[PDB]
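Note: hydrogens, waters and symmetry copies are ignored here, and every other heavy atom, side chains too, is used. Ligands are counted one by one from 1 in listed order, and the atoms in each one are counted from 1 as well. To find a chain, count down the sequence lines: A is the first, B the second, and so on, and within it residues start at 1.
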2 protein chains.
Amino acid sequence: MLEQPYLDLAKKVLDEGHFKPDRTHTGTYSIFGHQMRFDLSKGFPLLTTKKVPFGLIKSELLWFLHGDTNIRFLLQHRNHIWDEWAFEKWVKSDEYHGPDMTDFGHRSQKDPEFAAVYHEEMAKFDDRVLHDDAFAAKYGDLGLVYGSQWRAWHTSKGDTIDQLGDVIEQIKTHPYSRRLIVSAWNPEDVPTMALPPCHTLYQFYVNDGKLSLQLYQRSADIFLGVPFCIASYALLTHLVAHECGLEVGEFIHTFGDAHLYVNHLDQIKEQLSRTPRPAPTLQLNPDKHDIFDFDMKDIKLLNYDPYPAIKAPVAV
Amino acid sequence: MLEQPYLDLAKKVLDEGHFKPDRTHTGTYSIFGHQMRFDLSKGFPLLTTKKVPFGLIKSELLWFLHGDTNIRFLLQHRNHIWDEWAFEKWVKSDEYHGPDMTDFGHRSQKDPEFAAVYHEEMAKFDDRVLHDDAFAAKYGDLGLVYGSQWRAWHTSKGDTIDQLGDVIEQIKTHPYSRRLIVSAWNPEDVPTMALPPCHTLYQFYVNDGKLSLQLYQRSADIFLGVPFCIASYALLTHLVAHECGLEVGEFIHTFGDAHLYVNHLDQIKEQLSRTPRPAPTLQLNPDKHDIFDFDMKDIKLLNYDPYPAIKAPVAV
Ligand SMILES: Nc1ccn([C@H]2C[C@H](O)[C@@H](COP(=O)(O)O)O2)c(=O)n1
Ligand SMILES: Nc1ccn([C@H]2C[C@H](O)[C@@H](COP(=O)(O)O)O2)c(=O)n1
């Protein structure tokens, strides 16, 4: 079945992975260097052995395609994937007047009544961002995030390059170019960056009338991170090919540090006992073309029957 | 034997590769997405089925490590790997007064007496660069080349970042970092770059006391390019590990567009009839540590017995 490569990656780390202490401090099992490919002509690589929220995947993707970096857009789409980063700056800043929302990321998970306090302050910040234009502009803009990297790279001479935009035109005029690259790694920002991009860089390739994309991910959370990632980039591969009028080829996922957090072992072993179901089908609005103008109703995921979801603690 | 992966890549392209027209215009057979690893603890991955000039590999590598971008250094090391690029600017410029060295890259290979004229003008330029300080500074500096990318990345606010330098310190203090990346791809230079970097970006990894490096190469000439590349980066992996006091792990080569030029088919098939010999051994000067201060006598390649060299036309 289409998702097998992922299952084999999980098995692999679990069997051949060596223990490696980590940044967050909850040790991992890791392998360095891995590559797996999915033939997008067979279906959409959205995991069926575990429920994955596609809606969160696309709203976040459209956010990137708009070159948007403001959390407000996601919020009106009920996506809260990036709230924490915005909250971080806000809480550790002048205006924040309230409880000790310091180190909230761990203390919340721990157990205290603090969870309510945190979740409340967050709920608060979230409403401000969504209605207070000055606040949104001040605390909701994350700045250097995938949207600005892909669509507004900062030139040395104070300007803006739309990488992804330029790359799409290239695929249209010079489909056989070996230079169709989009990079998110900027040497000058990473030294003091919150979380340097995990999806470091990707490359397009055209031949036989099919489009393929290869992503280089410096670091990956096999359990929590990879599933979303495979889908997000498989979606991109479809969108661009829809714009360029090409057929979809494969999606190739190359890893640097592929890893499984020790406290995800039971959960991953739960997944491994399940057997894949037929891959779901994706269909884009046949009318619309300029993917930048794409809207959520323009993307559909036909018949997806996944096993229930599996819960597991986040590590940051 | 250690070099088998390369042989399997060549077989693979030759058997499974699809034809793809190319930039230079001498069609290729290509595959998209490939990864191969070499266990550096077994020997040095310098091809034995075909003679590869190691001396050219290291003089070019030391040139990179010095953050040097001037052709003069290589010339005093009898390395002429980058002369063409320097000649290009020089010939198509004010001062050049002489024959029609225009489009020299093809006309030279073709057959005319021109080869002598070209080779003479080149021989001329080469002597100027090596002795005329004003000329060297004007026409010998290539500018944006691996040396400046690795060791003097240009900040937006007009400054210089020594990526590789910083990364080595990181490996020394935070060996388990998943952010040990060195990128050569700058979105603002590639639009109007002669030849955007093929060795796009690499990543370091440490665990078990061994250092590993993974290189992402957007485009590769299996026949002429890959052999050198594998060695150059295997050398780097040894040097850095010598500085950091780590044991050597593997070298992982990830490709984007792995390709074989149609006019290299016979030659590659020559190689494929040979059987690998034991991998050579590399040993660095045990005294010296700051690799930046490394000199050629500080690197040695013990017992390398390759089959003769194979000749093949260059395509640019
Ligand atoms: N889109 C993302 C973002 C993060 N991570 C993971 C990678 C690491 O597990 C951790 C980030 O830590 P580090 O900077 O050390 O890689 O989160 C991931 O798998 N996918
Ligand atoms: N160090 C290098 C430099 C170049 N090439 C090859 C890659 C392509 O075959 C051609 C450059 O063309 P392009 O820009 O289209 O990739 O030269 C290579 O294999 N290794």
Practice prompt. Using a strict 4.0 Å cut-off to heavy atoms of B:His259, name the atoms of ligand 2 that fall inside it.
Written response: 8 (C), 9 (O)
Worksheet, complete the sentence: A:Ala220 heavy atoms within 4.0 Å reach ligand 1 at atoms 19 (O)
Response to the item:
Between B:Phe32 and the options A:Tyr205, A:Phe204, A:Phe251, the ring-ring contact (aromatic ring centres under 6.0 Å, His included) test singles out A:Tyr205
Response to the item:
Check: of A:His174, A:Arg179, A:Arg178, min heavy-atom distance to atom 14 (O) of ligand 2 comes from A:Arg179
Worksheet item: Got the closest protein heavy atom to atom 12 (O) of ligand 2, with its distance?
Response: B:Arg23 NH1, 3.0 Å
Worksheet item: Below 4.0 Å from any atom of ligand 1, is there a heavy atom belonging to A:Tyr261?
Response: yes
Worksheet entry | Heavy-atom nearest neighbour in the protein, as seen from atom 7 (C) of ligand 2, with distance rounded to 0.1 Å | B:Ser219 OG, 3.3 Å
Worksheet item: Taking the inter-plane angle between the rings of B:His259 and B:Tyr261 on a 0 to 90° scale, is it parallel (under 30°), tilted (30 to 60°) or perpendicular (over 60°)?
Response: perpendicular
Worksheet item: Is the closest protein non-hydrogen atom to atom 17 (O) of ligand 1 under 4.0 Å?
Response: no
Response to the item:
Judged by heavy atoms only, the candidate from A:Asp221, A:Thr24, A:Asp257, A:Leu195 nearest atom 6 (C) of ligand 1 is A:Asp221
Worksheet item: In ligand 2, which numbered atoms sit nearer than 4.0 Å to a non-hydrogen atom of B:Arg218?
Response: 13 (P), 14 (O), 16 (O)
Worksheet item: So, A:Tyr233 versus A:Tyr202, ring centres under 6.0 angstrom or not?
Response: yes
Discussion item. Checking a contact table here: which protein heavy atom is nearest atom 4 (C) of ligand 2, and how many Å away?
Written reply: B:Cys198 SG, 3.4 Å
Discussion item. Can you confirm whether more than 12 heavy atoms, excluding those of A:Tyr29, are under 6.0 Å from its OH atom?
Written reply: no
Item to complete: Assert yes or no for the condition that the ring centre distance of A:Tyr176 to A:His174 is strictly below 6.0 Å.
Response: no
Practice prompt. Verify, without hydrogens or angle tests, whether A:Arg218 (side chain) and B:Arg178 (backbone) share a donor-acceptor contact under 3.5 angstrom.
Written response: yes
Worksheet, complete the sentence: among protein heavy atoms, the one nearest atom 1 (N) of ligand 2 is B:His199 CE1, 3.2 Å
Worksheet item: Are side-chain heavy atoms of B:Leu215 and B:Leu213 found at a separation under 4.5 Å?
Response: yes
Worksheet item: Are the ring centres of B:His253 and B:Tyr6 closer than 6.0 Å?
Response: no
Worksheet entry | Heavy-atom nearest neighbour in the protein, as seen from atom 20 (N) of ligand 2, with distance rounded to 0.1 Å | B:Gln217 NE2, 3.8 Å
